[PDB]
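Asker: Dropping in start-v8.csv, with CSV, N, CA, C and O atoms.
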chain,number,residue,atom,x,y,z
A,905,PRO,N,0.8,-1.2,0.0
A,905,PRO,CA,0.0,0.0,0.0
A,905,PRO,C,0.8,1.3,0.0
A,905,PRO,O,2.0,1.3,0.5
A,906,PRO,N,0.3,2.4,-0.6
A,906,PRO,CA,1.0,3.7,-0.5
A,906,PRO,C,1.1,4.2,0.9
A,906,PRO,O,0.3,3.8,1.8
A,907,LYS,N,2.1,5.0,1.2
A,907,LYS,CA,2.2,5.6,2.5
A,907,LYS,C,1.9,7.1,2.3
A,907,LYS,O,2.4,7.7,1.4
A,908,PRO,N,1.2,7.7,3.3
A,908,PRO,CA,1.1,9.2,3.3
A,908,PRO,C,2.4,9.8,3.7
A,908,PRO,O,3.4,9.2,4.1
A,909,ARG,N,2.4,11.2,3.8
A,909,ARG,CA,3.5,11.9,4.5
A,909,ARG,C,2.8,12.3,5.8
A,909,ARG,O,2.2,13.3,5.9
A,910,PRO,N,3.0,11.4,6.8
A,910,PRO,CA,2.2,11.7,8.1
A,910,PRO,C,2.5,13.1,8.7
A,910,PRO,O,3.5,13.6,8.6
A,911,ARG,N,1.4,13.6,9.3
A,911,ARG,CA,1.5,14.9,9.9
A,911,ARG,C,1.6,14.8,11.4
A,911,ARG,O,1.1,13.9,12.1
A,912,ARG,N,2.4,15.7,12.0
A,912,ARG,CA,2.5,15.7,13.5
A,912,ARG,C,1.2,16.2,14.1
A,912,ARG,O,1.1,16.5,15.3
B,2,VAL,N,25.0,8.7,8.7
B,2,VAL,CA,24.2,9.8,9.3
B,2,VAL,C,23.2,9.2,10.3
B,2,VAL,O,22.5,8.3,10.0
B,3,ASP,N,23.1,9.8,11.5
B,3,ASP,CA,22.1,9.4,12.5
B,3,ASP,C,21.0,10.5,12.7
B,3,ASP,O,21.3,11.6,12.3
B,4,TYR,N,19.9,10.1,13.1
B,4,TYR,CA,18.8,11.1,13.3
B,4,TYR,C,18.2,11.0,14.7
B,4,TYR,O,18.2,9.9,15.3
B,5,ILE,N,17.7,12.1,15.2
B,5,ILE,CA,17.0,12.1,16.5
B,5,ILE,C,15.6,12.2,16.3
B,5,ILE,O,15.1,13.0,15.4
B,6,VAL,N,14.8,11.5,17.1
B,6,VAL,CA,13.3,11.5,17.0
B,6,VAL,C,12.8,12.7,17.7
B,6,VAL,O,13.1,12.9,18.9
B,7,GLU,N,12.0,13.6,17.0
B,7,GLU,CA,11.4,14.8,17.6
B,7,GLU,C,9.9,14.7,17.9
B,7,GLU,O,9.4,15.5,18.7
B,8,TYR,N,9.3,13.7,17.2
B,8,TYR,CA,7.8,13.5,17.4
B,8,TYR,C,7.5,12.0,17.3
B,8,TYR,O,8.1,11.3,16.6
B,9,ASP,N,6.6,11.5,18.2
B,9,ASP,CA,6.3,10.1,18.2
B,9,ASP,C,5.6,9.7,16.9
B,9,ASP,O,4.9,10.5,16.4
B,10,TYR,N,6.0,8.5,16.4
B,10,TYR,CA,5.3,8.0,15.3
B,10,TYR,C,5.0,6.5,15.5
B,10,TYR,O,5.9,5.8,15.9
B,11,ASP,N,3.8,6.1,15.1
B,11,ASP,CA,3.4,4.7,15.2
B,11,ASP,C,3.4,4.0,13.9
B,11,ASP,O,2.7,4.5,13.0
B,12,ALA,N,4.1,2.9,13.7
B,12,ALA,CA,4.1,2.1,12.5
B,12,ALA,C,2.7,1.7,12.1
B,12,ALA,O,1.9,1.2,13.0
B,13,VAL,N,2.3,1.9,10.8
B,13,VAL,CA,1.1,1.4,10.3
B,13,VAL,C,1.2,0.3,9.4
B,13,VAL,O,0.2,-0.3,8.8
B,14,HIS,N,2.4,-0.2,9.1
B,14,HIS,CA,2.8,-1.4,8.4
B,14,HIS,C,4.0,-2.0,9.1
B,14,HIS,O,4.8,-1.3,9.7
B,15,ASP,N,4.2,-3.3,8.8
B,15,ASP,CA,5.3,-4.0,9.4
B,15,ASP,C,6.7,-3.6,9.0
B,15,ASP,O,7.7,-3.9,9.7
B,16,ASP,N,6.8,-2.9,7.8
B,16,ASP,CA,8.1,-2.4,7.4
B,16,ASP,C,8.4,-1.0,7.9
B,16,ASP,O,9.5,-0.4,7.5
B,17,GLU,N,7.6,-0.5,8.8
B,17,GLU,CA,7.8,0.8,9.4
B,17,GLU,C,8.3,0.7,10.8
B,17,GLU,O,8.0,-0.4,11.5
B,18,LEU,N,9.0,1.7,11.3
B,18,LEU,CA,9.4,1.7,12.7
B,18,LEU,C,8.5,2.5,13.5
B,18,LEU,O,7.9,3.5,13.1
B,19,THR,N,8.3,2.1,14.8
B,19,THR,CA,7.6,2.9,15.8
B,19,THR,C,8.7,3.6,16.6
B,19,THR,O,9.6,3.0,17.1
B,20,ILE,N,8.6,5.0,16.7
B,20,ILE,CA,9.7,5.8,17.2
B,20,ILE,C,9.2,6.7,18.2
B,20,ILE,O,8.0,7.1,18.2
B,21,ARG,N,10.0,7.1,19.2
B,21,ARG,CA,9.6,7.9,20.3
B,21,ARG,C,10.6,9.0,20.6
B,21,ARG,O,11.8,8.8,20.3
B,22,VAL,N,10.1,10.1,21.1
B,22,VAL,CA,10.9,11.3,21.3
B,22,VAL,C,12.2,11.0,22.0
B,22,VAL,O,12.2,10.3,23.0
B,23,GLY,N,13.3,11.5,21.5
B,23,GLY,CA,14.6,11.3,22.1
B,23,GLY,C,15.4,10.1,21.6
B,23,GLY,O,16.7,10.1,21.7
B,24,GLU,N,14.8,9.2,21.0
B,24,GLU,CA,15.5,8.0,20.4
B,24,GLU,C,16.4,8.4,19.3
B,24,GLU,O,16.1,9.4,18.6
B,25,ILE,N,17.5,7.7,19.1
B,25,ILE,CA,18.4,7.9,18.0
B,25,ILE,C,18.3,6.8,17.0
B,25,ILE,O,18.3,5.6,17.4
B,26,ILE,N,18.0,7.1,15.7
B,26,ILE,CA,17.9,6.1,14.7
B,26,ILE,C,19.3,6.1,13.9
B,26,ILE,O,19.7,7.2,13.5
B,27,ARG,N,19.9,4.9,13.8
B,27,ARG,CA,21.3,4.9,13.2
B,27,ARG,C,21.3,4.5,11.8
B,27,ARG,O,20.5,3.8,11.2
B,28,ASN,N,22.3,5.1,11.1
B,28,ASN,CA,22.7,4.6,9.7
B,28,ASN,C,21.5,4.8,8.8
B,28,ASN,O,21.0,3.9,8.2
B,29,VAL,N,21.1,6.1,8.7
B,29,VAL,CA,19.9,6.5,8.0
B,29,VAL,C,20.1,6.8,6.5
B,29,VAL,O,21.1,7.5,6.2
B,30,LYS,N,19.2,6.3,5.7
B,30,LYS,CA,19.3,6.4,4.3
B,30,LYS,C,18.1,7.1,3.8
B,30,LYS,O,17.0,6.8,4.2
B,31,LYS,N,18.2,8.1,2.9
B,31,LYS,CA,17.1,8.8,2.4
B,31,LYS,C,16.6,7.9,1.2
B,31,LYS,O,17.3,7.6,0.3
B,32,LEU,N,15.3,7.7,1.2
B,32,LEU,CA,14.6,6.8,0.2
B,32,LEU,C,14.1,7.6,-1.0
B,32,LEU,O,13.8,8.8,-0.9
B,33,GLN,N,13.9,6.9,-2.1
B,33,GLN,CA,13.3,7.4,-3.3
B,33,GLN,C,11.9,7.9,-2.9
B,33,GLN,O,11.5,9.0,-3.4
B,34,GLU,N,11.2,7.2,-2.0
B,34,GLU,CA,9.9,7.6,-1.6
B,34,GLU,C,9.9,8.9,-0.8
B,34,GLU,O,10.4,8.9,0.3
B,35,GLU,N,9.4,10.0,-1.4
B,35,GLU,CA,9.5,11.2,-0.7
B,35,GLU,C,8.9,11.3,0.6
B,35,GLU,O,7.8,10.7,0.8
B,36,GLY,N,9.6,11.9,1.6
B,36,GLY,CA,9.1,12.0,3.0
B,36,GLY,C,9.5,10.9,3.9
B,36,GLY,O,9.1,11.0,5.1
B,37,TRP,N,10.1,9.9,3.4
B,37,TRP,CA,10.5,8.6,4.2
B,37,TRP,C,12.0,8.4,4.2
B,37,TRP,O,12.7,8.7,3.2
B,38,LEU,N,12.4,7.8,5.3
B,38,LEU,CA,13.8,7.4,5.5
B,38,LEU,C,13.8,6.0,6.0
B,38,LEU,O,12.8,5.5,6.4
B,39,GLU,N,15.0,5.3,5.9
B,39,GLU,CA,15.2,3.9,6.4
B,39,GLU,C,16.4,4.0,7.4
B,39,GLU,O,17.3,4.7,7.1
B,40,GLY,N,16.2,3.3,8.5
B,40,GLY,CA,17.3,3.4,9.5
B,40,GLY,C,17.1,2.3,10.6
B,40,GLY,O,16.1,1.6,10.5
B,41,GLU,N,18.0,2.2,11.5
B,41,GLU,CA,18.1,1.1,12.5
B,41,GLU,C,17.7,1.6,13.9
B,41,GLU,O,18.3,2.6,14.3
B,42,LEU,N,16.8,0.9,14.5
B,42,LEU,CA,16.4,1.3,15.9
B,42,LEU,C,16.2,0.0,16.7
B,42,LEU,O,15.4,-0.8,16.3
B,43,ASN,N,16.9,-0.1,17.8
B,43,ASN,CA,16.8,-1.3,18.6
B,43,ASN,C,17.3,-2.5,17.8
B,43,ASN,O,16.6,-3.5,17.8
B,44,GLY,N,18.3,-2.3,17.0
B,44,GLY,CA,18.8,-3.4,16.1
B,44,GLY,C,18.0,-3.8,14.9
B,44,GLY,O,18.3,-4.9,14.3
B,45,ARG,N,16.9,-3.1,14.6
B,45,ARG,CA,16.0,-3.5,13.5
B,45,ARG,C,15.9,-2.3,12.5
B,45,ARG,O,15.8,-1.2,12.9
B,46,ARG,N,16.0,-2.7,11.2
B,46,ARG,CA,15.9,-1.6,10.2
B,46,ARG,C,14.4,-1.5,9.7
B,46,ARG,O,13.8,-2.5,9.4
B,47,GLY,N,14.0,-0.2,9.5
B,47,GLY,CA,12.6,0.0,9.0
B,47,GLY,C,12.5,1.4,8.5
B,47,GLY,O,13.4,2.2,8.7
B,48,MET,N,11.3,1.7,8.0
B,48,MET,CA,11.0,3.0,7.4
B,48,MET,C,10.3,3.9,8.4
B,48,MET,O,9.6,3.5,9.3
B,49,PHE,N,10.6,5.2,8.3
B,49,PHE,CA,10.0,6.2,9.2
B,49,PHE,C,9.9,7.6,8.5
B,49,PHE,O,10.7,7.9,7.6
B,50,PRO,N,9.0,8.4,8.9
B,50,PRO,CA,8.8,9.7,8.2
B,50,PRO,C,9.8,10.8,8.5
B,50,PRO,O,10.2,10.9,9.7
B,51,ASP,N,10.3,11.5,7.5
B,51,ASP,CA,11.4,12.4,7.7
B,51,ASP,C,11.1,13.7,8.5
B,51,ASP,O,12.0,14.4,8.9
B,52,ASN,N,9.8,14.0,8.6
B,52,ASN,CA,9.4,15.2,9.3
B,52,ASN,C,9.1,15.0,10.8
B,52,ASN,O,8.6,15.9,11.5
B,53,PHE,N,9.4,13.8,11.3
B,53,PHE,CA,9.3,13.5,12.7
B,53,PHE,C,10.7,13.4,13.4
B,53,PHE,O,10.8,13.1,14.5
B,54,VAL,N,11.7,13.7,12.6
B,54,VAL,CA,13.1,13.5,13.0
B,54,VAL,C,14.0,14.6,12.6
B,54,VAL,O,13.6,15.5,11.7
B,55,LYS,N,15.2,14.7,13.2
B,55,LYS,CA,16.1,15.7,12.7
B,55,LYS,C,17.5,15.1,12.5
B,55,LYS,O,17.9,14.3,13.4
B,56,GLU,N,18.2,15.4,11.4
B,56,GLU,CA,19.5,14.9,11.2
B,56,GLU,C,20.5,15.4,12.2
B,56,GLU,O,20.5,16.6,12.6
B,57,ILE,N,21.2,14.5,12.8
B,57,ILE,CA,22.3,14.9,13.8
B,57,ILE,C,23.5,15.3,13.0
B,57,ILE,O,24.1,14.5,12.3
B,58,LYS,N,23.9,16.5,13.2
B,58,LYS,CA,25.1,17.1,12.6
B,58,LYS,C,25.9,17.6,13.7
B,58,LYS,O,27.1,17.3,13.8
Turn this file's structure into structure tokens for me.
Answerer:
Amino acid sequence: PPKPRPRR
Amino acid sequence: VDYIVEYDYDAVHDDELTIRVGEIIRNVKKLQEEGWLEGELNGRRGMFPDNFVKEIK
């Protein structure tokens, strides 16, 4: 699966 | 290059690392995948987000 650019 | 963890992150896949503030991730490589790095923590290598950490210089 794709990964997001997680947010703090 | 080593990195310090600035923000907690929880792995959402088995190839990711779960990281906690203050931890040092060793031997970090910047990945083709934008926003992600690969490095060693507690003797295990995995992926983690680049905006939760700071490069140690």
Asker: Restrict the calculation to only N, CA, C and O atoms, then for each residue of chain B with any atom at most 7 Å from an atom of chain A give the closest atom pair and their distance in Å to one decimal, rows by chain and rising residue number, as CSV.
Answerer:
residue,atom,partner,partner_atom,distance
B:8,CA,A:912,CA,6.9
B:9,O,A:912,CA,6.4
B:35,O,A:908,O,5.7
B:36,O,A:909,CA,5.7
B:37,N,A:908,O,6.8
B:50,CA,A:910,N,6.2
B:52,CA,A:910,O,6.2
B:53,N,A:910,O,6.5
Asker: Which residues are close to residue 44 of chain B, i.e. within 12 Å by only C-alpha atoms, leaving aside same-chain residues fewer than 5 positions away? Reply as JSON, numbers by chain.
Answerer: {"B": [18, 25, 26, 27, 28]}
Asker: Between B:41, B:17, B:34, B:3, which is the closest to residue 58 of chain B once you count only N, CA, C and O atoms?
Answerer: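 The shortest atom-to-atom distance to residue 58 of chain B comes from B:3.
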Asker: Please, what distance in Å, to one decimal, runs between atom O of residue 6 of chain B and atom CA of residue 33 of chain B?
Answerer: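 About the pair atom O of residue 6 of chain B and atom CA of residue 33 of chain B: they are 22.9 Å apart.
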Asker: Return the single residue from B:24, B:19, B:42, B:31 that is closest to residue 7 of chain B, with distances computed using only C-alpha atoms.
Answerer: B:24
Asker: Atom O of residue 23 of chain B and atom C of residue 45 of chain B are how many Å apart?
Answerer: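 So the answer is 15.5 Å.
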Asker: How far is it from atom O of residue 16 of chain B to atom N of residue 49 of chain B, in Å with one decimal?
Answerer: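 Atom-to-atom, atom O of residue 16 of chain B and atom N of residue 49 of chain B are spaced 5.8 Å apart.
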Asker: Using the chain letters and numbers from this document, which residues of chain B does DSSP assign to strand (DSSP E or B), as a VMD selection string?
Answerer: chain B and resid 4 to 6 10 17 20 25 to 31 37 to 42 45 to 50 54 to 56
Asker: Within 9 Å of (23.9, 14.9, 14.9), only C-alpha atoms: residues as a list in words?
Answerer: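 In the file's frame, the residues around the point are residues 2, 3, 4, 5, 55, 56, 57 and 58 of chain B.
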